[PDB]
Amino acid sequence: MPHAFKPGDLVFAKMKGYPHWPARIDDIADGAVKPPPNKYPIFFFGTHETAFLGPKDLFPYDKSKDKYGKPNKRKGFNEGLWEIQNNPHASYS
């Protein structure tokens, strides 16, 4: 049965106005800005942007990839699909 989300988990993350997007739950570095309550730091592959999202917008990657893991015209998306599939735990700093 599912656990709560934890750093390192791979998802498609949904934001208003964008397609479900390959992403990971990030760690918060020592000294770094914490998310608001009930929110997770989401790192979007390809764009390499961070946003804070709750579980309603987080779809586990394994379950969702057949639906959401197809090329998209949007900037950074296809790079994002390569990242999540090929090196999802790398440093993208």
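Residues carry their position along the shown sequence, with the first being 1.
The deposited model assigns a higher average Cα B-factor to 72 to 80 than to the other stretch when 72 to 80 and 17 to 25 are compared. For the set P35, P60, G46, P55, the maximum C-alpha B-factor listed in the entry falls on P35. When the modelled residues of the chain are ordered by C-alpha B-factor, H89 sits in the lowest third. In the PDB entry, a CA B factor belonging to the lowest third of its chain's modelled residues is recorded for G8.
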